[PDB]
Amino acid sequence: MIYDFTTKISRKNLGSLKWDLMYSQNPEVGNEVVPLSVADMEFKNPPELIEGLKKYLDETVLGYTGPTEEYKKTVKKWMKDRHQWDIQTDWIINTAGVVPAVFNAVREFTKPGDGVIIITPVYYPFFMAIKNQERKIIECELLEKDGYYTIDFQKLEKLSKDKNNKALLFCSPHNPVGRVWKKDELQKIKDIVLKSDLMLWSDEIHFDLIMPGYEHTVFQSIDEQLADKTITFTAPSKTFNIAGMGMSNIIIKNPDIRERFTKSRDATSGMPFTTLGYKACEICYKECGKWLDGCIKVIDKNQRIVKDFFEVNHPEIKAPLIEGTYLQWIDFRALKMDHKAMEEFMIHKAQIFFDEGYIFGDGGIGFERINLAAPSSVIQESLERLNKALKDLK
């Protein structure tokens, strides 16, 4: 199959939440502008998936649908071959998206007033899943040194000792800083977790999007006792740009926890009957491996394009390479602009639409998250607009 990561596509007036958001923020945005905000790709989906879905549409009946044993086997096989992770078919529980699964986790395993620990700054829906259900957000801020983010273990161990805290909501790879947790880091966290009564909710939706050289370790794969009280969220959506196919594979080893998560889901959302969602995931894992390799190559090229751009044109702004995800963390703090001013400038002066750093927590103030999943030429067009805007800003 021949893949395309070069065609500049347009998603204007097509129901794209990302594009509609851009036009809503700046009605005067040029027609040549492409948003680099929300985490979905500016690439057509894998050809095999599209051809596969069309083939399926000619065979199937779009009725009440559930996962086939083959589907489960395919997900189990992906975890094995791609992550040296041994799971069983009956460990897989499906939800229409990871966020709803997270909301469900909080709903079922905690009560109002209970605390949930998250490492910040981080993917904003985490905050929502907690406080929106009246639970307490317990922040364990990341330590940062010259752009490199690490875990505050002393503080984390302290928080785990607080009986009111019922679980650790973990992001791995960690959005938006692009960290792919090292084995030693995961070991320290594992010890803290097993030492307390904390449950482990590990969101590893970005675990297939790792940059060259780095290695992802499925958290619950390093210890069976840890796995006994862990809920791991996975899905093919971020990997193959199918967030609009709504299908997630939540892995839960413990029968008691699994059955509680399922009961709760069945009272809110219910079981996913989306036939194409099941098939899309199967097709991706079975046939879209080569496409993913090519996608990662382009992303790696793009993070280097960004890094180079600032080293050459505006050295005080830092865009370090990331370890995972296709979301790069750019440090604009040297501009000495508060986050509201930055946002205003990016949207109206540079017409570059990032996911403003501050939305991920106060630790993101001064930073900008750029979506690298676009053609290199598109990234270049955007940086040049920024270039002229920054120069004008003088």
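Each residue number is its position in the shown sequence, starting from 1.
Undergrad: Taking only the CA atoms, which stretch has the higher mean B-factor in the record, 46 to 54 or 22 to 30?
TA: Going by the record's values, the stretch with the higher mean is 22 to 30.
Undergrad: Look up the CA B-factors in the entry and say which stretch, 363 to 371 or 329 to 337, has the higher mean.
TA: Higher mean C-alpha B-factor: 329 to 337.
Undergrad: Looking at 225, 249, 74, 202, which one carries the largest C-alpha B-factor according to the PDB entry?
TA: So the option with the highest C-alpha B-factor is 225.
Undergrad: Which has the highest CA B-factor per the PDB entry: 232, 302, 241, 133?
TA: 133 has the highest C-alpha B-factor of those listed.
Undergrad: Would you check the entry's CA temperature factor for residue 278 and let me know if it's in the chain's lowest, middle or highest third?
TA: Residue 278: CA B-factor falls in the middle third of its chain.
Undergrad: Please rank the C-alpha B-factors of the chain's modelled residues and tell me whether residue 288 sits in the lowest, middle or highest third.
TA: Its C-alpha B-factor, which the entry lists for residue 288, ranks in the middle third among residues of this chain.
Undergrad: Sorting the chain's modelled residues by C-alpha B-factor, tell me whether residue 37 ends up in the lowest, middle or highest third.
TA: Its C-alpha B-factor, which the entry lists for residue 37, ranks in the lowest third among residues of this chain.
Undergrad: Could you tell me which third, lowest, middle or highest, the C-alpha B-factor of residue 59 occupies within its chain?
TA: Tercile = highest for this residue's CA B-factor.
Undergrad: Per the entry's values, where does residue 264 land by CA temperature factor relative to the rest of its chain, in the lowest, middle or highest third?
TA: It belongs to the highest third of the chain when residues are ordered by C-alpha B-factor.
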